[PDB]
>>> print(open('query.txt').read())   # compact mmCIF, C-alpha atoms and all ligand atoms
# COMPACT_ATOMS: atom_id res chain seq x y z
CA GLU D 23 86.73 25.85 -1.23
CA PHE D 24 88.47 27.98 -3.84
CA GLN D 25 91.07 25.27 -4.45
CA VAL D 26 88.43 22.61 -5.08
CA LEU D 27 86.36 24.90 -7.31
CA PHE D 28 89.54 25.76 -9.21
CA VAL D 29 90.44 22.11 -9.77
CA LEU D 30 86.88 21.18 -10.76
CA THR D 31 86.74 24.09 -13.21
CA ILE D 32 90.08 23.04 -14.72
CA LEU D 33 88.96 19.42 -15.16
CA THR D 34 85.72 20.54 -16.80
CA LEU D 35 87.64 22.76 -19.24
CA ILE D 36 90.10 19.96 -20.05
CA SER D 37 87.20 17.68 -20.94
CA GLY D 38 85.75 20.29 -23.28
CA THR D 39 89.14 20.93 -24.82
CA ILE D 40 89.60 17.23 -25.52
CA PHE D 41 86.07 16.82 -26.86
CA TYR D 42 86.05 19.73 -29.28
CA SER D 43 89.55 19.15 -30.65
CA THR D 44 88.70 15.49 -31.23
CA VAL D 45 85.08 15.50 -32.42
CA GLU D 46 84.90 19.00 -33.90
CA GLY D 47 88.52 19.07 -35.05
CA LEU D 48 89.41 22.36 -33.39
CA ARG D 49 92.99 23.27 -32.55
CA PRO D 50 93.38 22.66 -28.79
CA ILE D 51 93.56 26.37 -27.97
CA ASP D 52 90.38 26.95 -29.98
CA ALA D 53 88.65 24.05 -28.23
CA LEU D 54 89.60 25.56 -24.87
CA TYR D 55 88.45 29.01 -25.97
CA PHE D 56 85.09 27.66 -27.11
CA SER D 57 84.65 25.69 -23.88
CA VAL D 58 85.37 28.78 -21.79
CA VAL D 59 83.13 31.26 -23.60
CA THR D 60 80.38 28.64 -23.67
CA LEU D 61 80.43 27.80 -19.94
CA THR D 62 80.80 31.45 -18.88
CA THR D 63 77.84 32.14 -21.22
CA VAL D 64 79.74 34.79 -23.20
CA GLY D 65 79.38 32.57 -26.28
CA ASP D 66 81.43 32.57 -29.47
CA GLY D 67 80.46 34.74 -32.38
CA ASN D 68 81.90 32.51 -35.09
CA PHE D 69 81.84 28.86 -34.11
CA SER D 70 78.86 26.58 -33.54
CA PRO D 71 79.43 22.81 -33.36
CA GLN D 72 78.96 21.26 -36.79
CA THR D 73 78.34 17.63 -35.83
CA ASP D 74 75.27 16.26 -34.09
CA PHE D 75 77.52 14.68 -31.48
CA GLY D 76 79.03 18.11 -30.88
CA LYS D 77 75.62 19.73 -30.53
CA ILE D 78 74.36 17.12 -28.07
CA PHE D 79 77.56 17.26 -26.01
CA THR D 80 77.43 21.06 -25.90
CA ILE D 81 73.85 21.00 -24.60
CA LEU D 82 74.79 18.63 -21.76
CA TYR D 83 78.11 20.40 -21.15
CA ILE D 84 76.28 23.72 -20.63
CA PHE D 85 73.78 22.37 -18.11
CA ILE D 86 76.42 20.53 -16.09
CA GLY D 87 79.21 23.12 -16.33
CA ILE D 88 77.57 26.52 -15.95
CA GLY D 89 76.80 26.12 -12.24
CA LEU D 90 80.36 25.13 -11.38
CA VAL D 91 82.09 27.76 -13.50
CA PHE D 92 80.00 30.53 -11.95
CA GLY D 93 80.49 29.05 -8.51
CA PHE D 94 84.22 29.45 -9.08
CA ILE D 95 83.90 32.95 -10.52
CA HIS D 96 81.61 33.93 -7.63
CA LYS D 97 84.05 32.75 -4.96
CA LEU D 98 87.07 34.10 -6.84
CA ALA D 99 85.55 37.59 -6.79
CA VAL D 100 84.37 37.46 -3.17
CA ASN D 101 86.95 35.27 -1.42
CA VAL D 102 90.04 36.33 -3.38
CA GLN D 103 89.34 39.63 -5.11
CA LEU D 104 87.09 41.37 -2.60
CA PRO D 105 89.61 41.06 0.29
CA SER D 106 92.66 41.99 -1.78
CA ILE D 107 90.65 45.13 -2.58
CA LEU D 108 88.74 45.63 0.66
CA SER D 109 91.89 45.45 2.78
CA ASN D 110 93.54 47.82 0.31
CA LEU D 111 90.99 50.59 0.84
CA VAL D 112 92.20 50.68 4.46
CA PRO D 113 94.23 53.91 4.88
CA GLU V 23 61.80 20.32 -6.53
CA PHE V 24 64.54 19.13 -8.87
CA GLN V 25 62.15 16.69 -10.56
CA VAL V 26 59.58 19.41 -11.27
CA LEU V 27 62.21 21.87 -12.48
CA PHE V 28 63.62 19.13 -14.70
CA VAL V 29 60.23 18.35 -16.24
CA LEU V 30 59.39 22.03 -16.72
CA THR V 31 62.76 22.65 -18.38
CA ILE V 32 62.22 19.67 -20.69
CA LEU V 33 58.74 20.86 -21.71
CA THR V 34 60.05 24.35 -22.41
CA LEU V 35 62.84 22.95 -24.60
CA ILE V 36 60.41 20.70 -26.49
CA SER V 37 58.25 23.72 -27.30
CA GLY V 38 61.25 25.60 -28.66
CA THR V 39 62.37 22.57 -30.63
CA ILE V 40 58.95 22.25 -32.23
CA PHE V 41 58.68 25.98 -32.93
CA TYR V 42 62.06 26.47 -34.58
CA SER V 43 61.96 23.31 -36.69
CA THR V 44 58.48 24.25 -37.91
CA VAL V 45 58.59 28.04 -38.36
CA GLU V 46 62.33 28.51 -38.93
CA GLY V 47 62.81 25.18 -40.71
CA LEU V 48 65.68 23.98 -38.55
CA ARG V 49 66.54 20.30 -38.22
CA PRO V 50 65.13 19.19 -34.85
CA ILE V 51 68.57 18.85 -33.25
CA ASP V 52 69.43 22.37 -34.43
CA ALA V 53 66.15 23.72 -33.09
CA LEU V 54 66.91 22.13 -29.72
CA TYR V 55 70.46 23.47 -29.77
CA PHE V 56 69.26 27.00 -30.53
CA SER V 57 66.60 26.79 -27.81
CA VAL V 58 69.18 25.68 -25.24
CA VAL V 59 71.89 28.23 -25.98
CA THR V 60 69.24 30.94 -26.12
CA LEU V 61 67.59 30.16 -22.76
CA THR V 62 70.92 29.59 -20.99
CA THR V 63 71.98 32.95 -22.50
CA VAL V 64 75.09 31.48 -24.15
CA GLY V 65 73.60 32.43 -27.53
CA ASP V 66 74.39 31.04 -30.97
CA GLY V 67 77.11 32.57 -33.06
CA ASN V 68 75.61 31.68 -36.43
CA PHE V 69 71.84 31.55 -36.32
CA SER V 70 69.35 34.36 -35.72
CA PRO V 71 65.67 33.76 -36.52
CA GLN V 72 64.90 34.89 -40.06
CA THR V 73 61.13 35.32 -39.85
CA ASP V 74 59.27 37.99 -37.91
CA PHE V 75 57.24 35.27 -36.20
CA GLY V 76 60.52 33.67 -35.14
CA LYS V 77 61.87 36.95 -33.79
CA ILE V 78 58.72 37.70 -31.79
CA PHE V 79 58.54 34.16 -30.41
CA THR V 80 62.21 34.27 -29.41
CA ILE V 81 61.70 37.52 -27.49
CA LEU V 82 58.81 36.04 -25.51
CA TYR V 83 60.55 32.67 -25.15
CA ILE V 84 63.58 34.37 -23.55
CA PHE V 85 61.59 36.33 -20.97
CA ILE V 86 59.47 33.34 -19.97
CA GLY V 87 62.17 30.65 -20.14
CA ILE V 88 65.33 32.19 -18.68
CA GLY V 89 64.08 32.22 -15.09
CA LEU V 90 63.08 28.55 -15.17
CA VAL V 91 66.19 27.27 -16.93
CA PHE V 92 68.45 29.02 -14.42
CA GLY V 93 66.26 27.87 -11.56
CA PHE V 94 66.95 24.32 -12.73
CA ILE V 95 70.66 24.92 -13.25
CA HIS V 96 70.87 26.59 -9.84
CA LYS V 97 69.23 23.68 -8.02
CA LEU V 98 71.10 21.09 -10.08
CA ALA V 99 74.42 22.57 -8.94
CA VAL V 100 73.44 23.02 -5.30
CA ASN V 101 71.03 20.15 -4.61
CA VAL V 102 72.63 17.50 -6.84
CA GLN V 103 76.21 18.53 -7.60
CA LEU V 104 77.24 20.25 -4.38
CA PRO V 105 76.40 17.21 -2.17
CA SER V 106 77.91 14.62 -4.52
CA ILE V 107 81.05 16.75 -4.19
CA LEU V 108 80.74 17.99 -0.61
CA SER V 109 80.23 14.48 0.77
CA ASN V 110 83.16 13.35 -1.37
CA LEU V 111 85.63 15.75 0.26
CA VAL V 112 84.96 13.85 3.50
CA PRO V 113 88.11 11.78 4.25
CA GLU I 23 56.49 45.80 -8.09
CA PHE I 24 55.97 43.58 -11.12
CA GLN I 25 53.87 46.25 -12.84
CA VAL I 26 56.55 48.91 -12.41
CA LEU I 27 59.34 46.56 -13.51
CA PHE I 28 57.23 45.62 -16.52
CA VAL I 29 56.66 49.25 -17.52
CA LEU I 30 60.31 50.17 -16.98
CA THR I 31 61.44 47.18 -19.06
CA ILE I 32 59.02 48.17 -21.85
CA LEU I 33 60.26 51.77 -21.89
CA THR I 34 63.87 50.63 -22.02
CA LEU I 35 63.11 48.32 -24.96
CA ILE I 36 61.23 51.07 -26.81
CA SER I 37 64.26 53.35 -26.49
CA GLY I 38 66.53 50.67 -27.93
CA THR I 39 64.07 49.96 -30.71
CA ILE I 40 63.96 53.63 -31.67
CA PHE I 41 67.73 54.03 -31.43
CA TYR I 42 68.73 51.04 -33.54
CA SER I 43 66.12 51.55 -36.25
CA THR I 44 67.15 55.20 -36.55
CA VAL I 45 70.94 55.18 -36.13
CA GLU I 46 71.70 51.63 -37.29
CA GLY I 47 68.87 51.50 -39.83
CA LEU I 48 67.35 48.26 -38.59
CA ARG I 49 63.73 47.36 -39.27
CA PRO I 50 61.83 48.08 -36.03
CA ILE I 51 61.31 44.39 -35.24
CA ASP I 52 65.03 43.78 -35.73
CA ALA I 53 65.91 46.74 -33.52
CA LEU I 54 63.64 45.33 -30.81
CA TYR I 55 65.11 41.86 -31.23
CA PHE I 56 68.66 43.19 -30.92
CA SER I 57 67.74 45.26 -27.86
CA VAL I 58 66.20 42.23 -26.16
CA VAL I 59 68.97 39.72 -26.80
CA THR I 60 71.52 42.35 -25.81
CA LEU I 61 69.94 43.31 -22.47
CA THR I 62 69.14 39.69 -21.54
CA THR I 63 72.80 38.95 -22.42
CA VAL I 64 71.87 36.23 -24.93
CA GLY I 65 73.48 38.35 -27.65
CA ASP I 66 72.93 38.24 -31.40
CA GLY I 67 75.00 35.98 -33.58
CA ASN I 68 74.82 38.11 -36.71
CA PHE I 69 74.50 41.79 -35.91
CA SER I 70 76.99 44.12 -34.23
CA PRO I 71 76.42 47.89 -34.43
CA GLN I 72 78.28 49.32 -37.40
CA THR I 73 78.48 52.99 -36.39
CA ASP I 74 80.56 54.43 -33.57
CA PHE I 75 77.45 56.08 -32.17
CA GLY I 76 75.80 52.66 -32.15
CA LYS I 77 78.75 51.07 -30.37
CA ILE I 78 78.90 53.77 -27.70
CA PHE I 79 75.13 53.68 -27.14
CA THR I 80 75.18 49.88 -26.86
CA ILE I 81 77.90 50.01 -24.20
CA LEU I 82 75.89 52.46 -22.08
CA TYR I 83 72.60 50.68 -22.84
CA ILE I 84 74.03 47.39 -21.50
CA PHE I 85 75.28 48.84 -18.22
CA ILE I 86 72.05 50.72 -17.53
CA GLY I 87 69.59 48.11 -18.82
CA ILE I 88 70.91 44.73 -17.68
CA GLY I 89 70.08 45.25 -14.00
CA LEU I 90 66.48 46.24 -14.73
CA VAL I 91 65.77 43.54 -17.29
CA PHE I 92 67.01 40.83 -14.93
CA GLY I 93 65.15 42.42 -12.04
CA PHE I 94 61.99 41.97 -14.10
CA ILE I 95 62.86 38.43 -15.16
CA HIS I 96 63.74 37.56 -11.56
CA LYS I 97 60.42 38.81 -10.17
CA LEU I 98 58.44 37.38 -13.08
CA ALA I 99 59.78 33.90 -12.30
CA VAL I 100 59.36 34.16 -8.52
CA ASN I 101 56.30 36.38 -8.06
CA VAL I 102 54.29 35.24 -11.09
CA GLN I 103 55.62 31.89 -12.27
CA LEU I 104 56.62 30.24 -9.00
CA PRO I 105 53.13 30.63 -7.42
CA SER I 106 51.21 29.61 -10.54
CA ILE I 107 53.35 26.47 -10.34
CA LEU I 108 53.74 26.07 -6.58
CA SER I 109 50.00 26.30 -5.96
CA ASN I 110 49.50 23.85 -8.82
CA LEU I 111 51.59 21.11 -7.19
CA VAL I 112 48.99 21.13 -4.40
CA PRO I 113 46.94 17.90 -4.75
CA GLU A 23 81.41 51.33 -2.80
CA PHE A 24 79.90 52.43 -6.10
CA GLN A 25 82.79 54.83 -6.73
CA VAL A 26 85.40 52.11 -6.22
CA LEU A 27 83.49 49.59 -8.34
CA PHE A 28 83.14 52.25 -11.02
CA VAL A 29 86.87 53.00 -11.05
CA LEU A 30 87.81 49.32 -11.02
CA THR A 31 85.42 48.62 -13.90
CA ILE A 32 86.89 51.53 -15.88
CA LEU A 33 90.47 50.33 -15.34
CA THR A 34 89.54 46.81 -16.41
CA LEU A 35 87.92 48.13 -19.60
CA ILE A 36 90.92 50.34 -20.37
CA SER A 37 93.20 47.31 -20.13
CA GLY A 38 91.02 45.37 -22.55
CA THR A 39 90.84 48.32 -24.90
CA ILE A 40 94.62 48.61 -24.96
CA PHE A 41 95.12 44.87 -25.36
CA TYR A 42 92.72 44.30 -28.25
CA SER A 43 93.71 47.39 -30.22
CA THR A 44 97.38 46.44 -29.87
CA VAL A 45 97.43 42.64 -30.20
CA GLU A 46 94.27 42.13 -32.25
CA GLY A 47 94.58 45.39 -34.17
CA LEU A 48 91.08 46.64 -33.43
CA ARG A 49 90.19 50.32 -33.60
CA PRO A 50 90.09 51.55 -29.98
CA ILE A 51 86.30 51.91 -29.96
CA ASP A 52 85.97 48.36 -31.28
CA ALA A 53 88.40 47.07 -28.66
CA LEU A 54 86.33 48.76 -25.96
CA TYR A 55 83.11 47.39 -27.43
CA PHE A 56 84.49 43.86 -27.51
CA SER A 57 85.79 44.16 -23.94
CA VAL A 58 82.39 45.34 -22.71
CA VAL A 59 80.21 42.75 -24.42
CA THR A 60 82.66 40.05 -23.36
CA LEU A 61 82.78 40.95 -19.65
CA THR A 62 79.02 41.55 -19.43
CA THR A 63 78.66 38.13 -21.14
CA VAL A 64 76.52 39.53 -23.98
CA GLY A 65 79.26 38.49 -26.40
CA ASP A 66 79.97 39.76 -29.91
CA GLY A 67 78.35 38.15 -32.89
CA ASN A 68 81.11 38.94 -35.37
CA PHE A 69 84.50 39.11 -33.70
CA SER A 70 86.50 36.33 -32.05
CA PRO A 71 90.19 36.93 -31.27
CA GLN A 72 92.34 35.69 -34.14
CA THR A 73 95.69 35.30 -32.37
CA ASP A 74 96.56 32.70 -29.75
CA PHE A 75 97.72 35.49 -27.45
CA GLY A 76 94.31 37.10 -27.89
CA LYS A 77 92.50 33.86 -27.12
CA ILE A 78 94.54 33.19 -23.98
CA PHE A 79 94.15 36.77 -22.75
CA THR A 80 90.40 36.67 -23.35
CA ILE A 81 90.05 33.48 -21.30
CA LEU A 82 91.87 35.04 -18.34
CA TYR A 83 90.16 38.41 -18.84
CA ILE A 84 86.73 36.74 -18.58
CA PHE A 85 87.46 34.88 -15.35
CA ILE A 86 89.00 37.91 -13.66
CA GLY A 87 86.63 40.58 -15.01
CA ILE A 88 83.15 39.06 -14.95
CA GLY A 89 82.80 39.16 -11.15
CA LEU A 90 83.76 42.82 -10.93
CA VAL A 91 81.67 44.03 -13.86
CA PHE A 92 78.57 42.35 -12.46
CA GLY A 93 79.38 43.60 -8.99
CA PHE A 94 79.26 47.11 -10.45
CA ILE A 95 76.09 46.46 -12.43
CA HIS A 96 74.48 44.90 -9.36
CA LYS A 97 75.24 47.88 -7.11
CA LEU A 98 74.40 50.39 -9.85
CA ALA A 99 70.90 48.92 -10.14
CA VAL A 100 70.29 48.60 -6.40
CA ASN A 101 72.22 51.50 -4.87
CA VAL A 102 71.70 54.07 -7.64
CA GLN A 103 68.75 52.99 -9.78
CA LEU A 104 66.47 51.37 -7.22
CA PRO A 105 66.34 54.48 -4.96
CA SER A 106 65.95 56.98 -7.80
CA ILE A 107 62.94 54.84 -8.73
CA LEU A 108 61.74 53.72 -5.31
CA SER A 109 61.66 57.27 -3.95
CA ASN A 110 59.88 58.32 -7.14
CA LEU A 111 56.94 55.95 -6.61
CA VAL A 112 56.23 57.96 -3.44
CA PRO A 113 53.07 60.03 -4.12
RB RB Z 1 75.15 35.56 -21.04
RB RB Z 2 76.55 35.45 -27.53
RB RB Z 3 79.34 35.24 -40.40
RB RB Z 4 75.95 35.50 -24.74
RB RB Z 5 78.46 35.30 -36.37
RB RB Z 6 77.19 35.40 -30.49
>>> encode(input="query.txt", output="structure tokens", more="lines below")
Ligand SMILES: [Rb+]
Ligand SMILES: [Rb+]
Ligand SMILES: [Rb+]
Ligand SMILES: [Rb+]
Ligand SMILES: [Rb+]
Ligand SMILES: [Rb+]
Amino acid sequence: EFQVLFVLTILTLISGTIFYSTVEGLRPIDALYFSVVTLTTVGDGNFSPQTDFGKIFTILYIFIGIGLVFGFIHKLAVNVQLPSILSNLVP
Amino acid sequence: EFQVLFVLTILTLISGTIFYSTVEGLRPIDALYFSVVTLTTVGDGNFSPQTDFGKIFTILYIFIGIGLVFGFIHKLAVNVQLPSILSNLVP
Amino acid sequence: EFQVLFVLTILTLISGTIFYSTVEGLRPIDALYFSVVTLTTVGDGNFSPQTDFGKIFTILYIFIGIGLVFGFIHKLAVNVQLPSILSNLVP
Amino acid sequence: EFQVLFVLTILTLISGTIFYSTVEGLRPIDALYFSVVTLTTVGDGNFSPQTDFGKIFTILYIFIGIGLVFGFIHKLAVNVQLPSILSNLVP
């Protein structure tokens, strides 16, 4: 479950990285950063896509990627972080 | 369920698009972009409504639209994305 | 339930409105706008508190207000919007 | 439960505060503010990390810290705020 969600999240972020560096001209690391803060809904305080293609893609990217990203974060905190913490509280 | 949530989400976004392009003077695509990042809570890093009417509308728009938009995203990821993925993992 | 959550949400927003207009010098409508986009986690793309008092208050305001605001949004969409829609789909 | 989530949240915020003030050169209060609005997904409207190290750290920080922070907010609103309110509504 976690493995699949991890892979799916990675693929989604690679797509965003490729899109923004190509269409919006961002450096790859910046394209990845924007993709991550967008899908996790944190948002970026400085960059907004400047092209209409970028705006349309971002709208679709958000609707299709938010569920997955939070599905991964949700399982990562309950199936990987909770135990490593829960079992730790055991005297 | 998904169909109705889809339609409701679309209608909500059309209202925002019309409002912001009219009252805030945004190009339609920009009004749609702002409506989407606002209701999905990603937020925009460059635009904030400049008129008091725009600020009041945005406040009400957020409270009334967030639930719906996330209801659609939630069902889209579980009733349309989960299966298309779950059934795929079947050897 | 909805009534109490509504009142609590209103009181929380009034406190933020008073704080930001007083300490950060925002016009009341702007203080309310900032309080709303902050607690709903949409965030504002232009304003960040400029005083240390404002930054500390905002940190505490977020932790104490996010739960409530989303408790209100959650119930508003399920106990007031769902029915008005669910009952409507009835031929 | 609440105590542990509180401590874990505090430790996570201290790490962010140290990272951003050191690598991004922010004043400690600003580093804490950025860490908080980032992990609660509110986001900051003015600051984005400027170094590649800062961008990479922020990406990892978000994925590892969002679950916890919202686990704390969730329990704080249900196991500490709900009762103090629920018991109050009792005539
Ligand atoms: Rb958010
Ligand atoms: Rb934001
Ligand atoms: Rb700016
Ligand atoms: Rb945000
Ligand atoms: Rb900005
Ligand atoms: Rb922002």
>>> interface_residues(input="query.txt", of="chain V", to="chain D", cutoff="10 Å", atoms="only C-alpha atoms", output="PyMOL selection string")
chain V and resi 51-52+54-60+62-69+91-92+94-100+103-104+107-108+111
>>> atom_distance(input="query.txt", atom1="CA of residue 24 in chain I", atom2="CA of residue 37 in chain I")
20.0 Å
>>> atom_distance(input="query.txt", atom1="CA of residue 39 in chain V", atom2="CA of residue 53 in chain V")
4.7 Å
>>> atom_distance(input="query.txt", atom1="CA of residue 76 in chain D", atom2="CA of residue 44 in chain D")
10.0 Å
>>> residues_around(input="query.txt", residues="residue 50 in chain A", least_positions_apart="5", cutoff="8 Å", atoms="all atoms listed in the file", output="list in words")
residues 39, 40, 42 and 43 of chain A
>>> axis_aligned_box(input="query.txt", around="range 81-88 of chain A", padding_each_side="3 Å", output="JSON")
{"center_x": 87.5, "center_y": 37.0, "center_z": -17.5, "size_x": 14.7, "size_y": 13.1, "size_z": 13.6}
>>> decode(input="query.txt", residues="range 36-110 of chain V", atoms="C-alpha atoms", output="PDB file, in the first residue's frame")
ATOM      1  CA  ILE V  36     -18.248  29.179 -13.144  1.00  0.00           C
ATOM      2  CA  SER V  37     -19.710  31.544 -10.557  1.00  0.00           C
ATOM      3  CA  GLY V  38     -16.250  32.426  -9.283  1.00  0.00           C
ATOM      4  CA  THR V  39     -14.962  32.871 -12.810  1.00  0.00           C
ATOM      5  CA  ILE V  40     -17.784  35.274 -13.618  1.00  0.00           C
ATOM      6  CA  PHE V  41     -17.406  37.169 -10.344  1.00  0.00           C
ATOM      7  CA  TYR V  42     -13.658  37.750 -10.476  1.00  0.00           C
ATOM      8  CA  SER V  43     -13.510  38.656 -14.161  1.00  0.00           C
ATOM      9  CA  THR V  44     -16.351  41.139 -13.660  1.00  0.00           C
ATOM     10  CA  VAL V  45     -15.675  42.711 -10.251  1.00  0.00           C
ATOM     11  CA  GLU V  46     -11.907  42.210 -10.041  1.00  0.00           C
ATOM     12  CA  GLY V  47     -11.315  42.582 -13.776  1.00  0.00           C
ATOM     13  CA  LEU V  48      -9.351  39.368 -14.203  1.00  0.00           C
ATOM     14  CA  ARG V  49      -9.061  37.634 -17.561  1.00  0.00           C
ATOM     15  CA  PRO V  50     -11.511  34.702 -17.450  1.00  0.00           C
ATOM     16  CA  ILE V  51      -8.741  32.093 -17.262  1.00  0.00           C
ATOM     17  CA  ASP V  52      -7.173  33.997 -14.361  1.00  0.00           C
ATOM     18  CA  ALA V  53     -10.527  34.260 -12.600  1.00  0.00           C
ATOM     19  CA  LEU V  54     -10.970  30.499 -12.960  1.00  0.00           C
ATOM     20  CA  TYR V  55      -7.426  29.858 -11.753  1.00  0.00           C
ATOM     21  CA  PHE V  56      -7.944  32.040  -8.684  1.00  0.00           C
ATOM     22  CA  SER V  57     -11.283  30.371  -7.926  1.00  0.00           C
ATOM     23  CA  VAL V  58      -9.707  26.915  -8.131  1.00  0.00           C
ATOM     24  CA  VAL V  59      -6.621  27.542  -6.008  1.00  0.00           C
ATOM     25  CA  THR V  60      -8.789  29.361  -3.476  1.00  0.00           C
ATOM     26  CA  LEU V  61     -11.423  26.622  -3.053  1.00  0.00           C
ATOM     27  CA  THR V  62      -8.838  23.817  -3.022  1.00  0.00           C
ATOM     28  CA  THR V  63      -7.005  25.907  -0.383  1.00  0.00           C
ATOM     29  CA  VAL V  64      -3.742  25.948  -2.363  1.00  0.00           C
ATOM     30  CA  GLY V  65      -4.065  29.736  -2.601  1.00  0.00           C
ATOM     31  CA  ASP V  66      -2.468  32.121  -5.078  1.00  0.00           C
ATOM     32  CA  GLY V  67       0.899  33.632  -4.382  1.00  0.00           C
ATOM     33  CA  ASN V  68       0.354  36.833  -6.346  1.00  0.00           C
ATOM     34  CA  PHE V  69      -3.285  37.867  -6.394  1.00  0.00           C
ATOM     35  CA  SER V  70      -5.495  39.008  -3.522  1.00  0.00           C
ATOM     36  CA  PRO V  71      -8.832  40.685  -4.316  1.00  0.00           C
ATOM     37  CA  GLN V  72      -8.396  44.449  -4.444  1.00  0.00           C
ATOM     38  CA  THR V  73     -11.997  45.576  -3.937  1.00  0.00           C
ATOM     39  CA  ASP V  74     -14.020  45.274  -0.744  1.00  0.00           C
ATOM     40  CA  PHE V  75     -16.749  43.511  -2.702  1.00  0.00           C
ATOM     41  CA  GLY V  76     -14.131  41.027  -3.879  1.00  0.00           C
ATOM     42  CA  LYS V  77     -12.860  40.443  -0.354  1.00  0.00           C
ATOM     43  CA  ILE V  78     -16.345  39.884   1.063  1.00  0.00           C
ATOM     44  CA  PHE V  79     -17.330  37.567  -1.795  1.00  0.00           C
ATOM     45  CA  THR V  80     -14.123  35.561  -1.393  1.00  0.00           C
ATOM     46  CA  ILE V  81     -14.785  35.049   2.324  1.00  0.00           C
ATOM     47  CA  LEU V  82     -18.285  33.704   1.637  1.00  0.00           C
ATOM     48  CA  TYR V  83     -17.122  31.763  -1.435  1.00  0.00           C
ATOM     49  CA  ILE V  84     -14.510  29.924   0.677  1.00  0.00           C
ATOM     50  CA  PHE V  85     -16.926  28.865   3.415  1.00  0.00           C
ATOM     51  CA  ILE V  86     -19.575  27.675   0.966  1.00  0.00           C
ATOM     52  CA  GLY V  87     -17.277  26.128  -1.650  1.00  0.00           C
ATOM     53  CA  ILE V  88     -14.520  24.332   0.260  1.00  0.00           C
ATOM     54  CA  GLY V  89     -16.751  21.515   1.521  1.00  0.00           C
ATOM     55  CA  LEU V  90     -18.094  20.730  -1.943  1.00  0.00           C
ATOM     56  CA  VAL V  91     -14.777  20.919  -3.776  1.00  0.00           C
ATOM     57  CA  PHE V  92     -13.161  18.532  -1.308  1.00  0.00           C
ATOM     58  CA  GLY V  93     -16.199  16.288  -1.399  1.00  0.00           C
ATOM     59  CA  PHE V  94     -15.617  15.987  -5.141  1.00  0.00           C
ATOM     60  CA  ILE V  95     -11.868  15.483  -4.789  1.00  0.00           C
ATOM     61  CA  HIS V  96     -12.472  12.897  -2.056  1.00  0.00           C
ATOM     62  CA  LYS V  97     -14.895  10.851  -4.165  1.00  0.00           C
ATOM     63  CA  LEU V  98     -12.814  11.281  -7.318  1.00  0.00           C
ATOM     64  CA  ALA V  99      -9.822   9.704  -5.574  1.00  0.00           C
ATOM     65  CA  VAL V 100     -11.768   6.893  -3.907  1.00  0.00           C
ATOM     66  CA  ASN V 101     -14.586   6.116  -6.350  1.00  0.00           C
ATOM     67  CA  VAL V 102     -12.718   6.757  -9.612  1.00  0.00           C
ATOM     68  CA  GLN V 103      -8.980   6.656  -8.940  1.00  0.00           C
ATOM     69  CA  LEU V 104      -8.740   3.993  -6.241  1.00  0.00           C
ATOM     70  CA  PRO V 105     -10.528   1.311  -8.343  1.00  0.00           C
ATOM     71  CA  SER V 106      -8.708   2.119 -11.585  1.00  0.00           C
ATOM     72  CA  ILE V 107      -5.578   1.515  -9.504  1.00  0.00           C
ATOM     73  CA  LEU V 108      -6.772  -1.190  -7.121  1.00  0.00           C
ATOM     74  CA  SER V 109      -8.062  -3.388  -9.946  1.00  0.00           C
ATOM     75  CA  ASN V 110      -4.788  -2.746 -11.768  1.00  0.00           C
TER      76      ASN V 110
END
